[PDB]
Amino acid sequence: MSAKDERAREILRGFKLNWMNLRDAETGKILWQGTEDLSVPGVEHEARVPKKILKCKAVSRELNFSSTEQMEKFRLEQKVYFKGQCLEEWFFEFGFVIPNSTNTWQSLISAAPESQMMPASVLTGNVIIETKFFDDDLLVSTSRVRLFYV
């Protein structure tokens, strides 16, 4: 139990994801929206998204979160897993977070252009999104969401 460990736990303790949405980056239409805290580690969350998301060249994410703790460089690493294999990875950087703030973070998620999507029916229930929450190099948490394409 190091000092860094204790700090990671403190951040996790003060962190909350309050809401999120996903929109087609071309049309701006809403594909998903929710208030479930999908960041909570240690349980498999489940979400249903319309299969048309798989035709989007990019997805626009809007994510609202609160943190009692100050963070120097809040960032995420996210991986798409299909039957346990990684098909795609993203890095997003929020940066500095004021202690006891609530913040809305906008991100653009690009589909890898050199891949071809498997169909929805094959993907559905077989895809896990693993999100790791970091402050700089400190791992705060790792959560998973299984996706159904509906």
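Numbers follow the displayed sequence, beginning with 1.
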- Task: Check the entry's C-alpha temperature factors for 31-39 and 108-116, then say which stretch has the higher mean.
- Result: 108-116
- Stretch with the greater mean C-alpha B-factor as recorded in the entry, comparing 21-29 against 125-133: 21-29
- Entry-reported Cα temperature factor of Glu89, expressed as the chain third it lands in: highest
- Message: Lowest, middle or highest third: which one holds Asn64 when the chain's residues are ordered by CA B-factor from the entry?
- Response: middle
- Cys56 CA temperature factor, ranked by third within the chain: highest
- Query: With respect to C-alpha B-factor, does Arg146 fall in the lowest, middle or highest third of the chain as deposited?
  - Reply: lowest
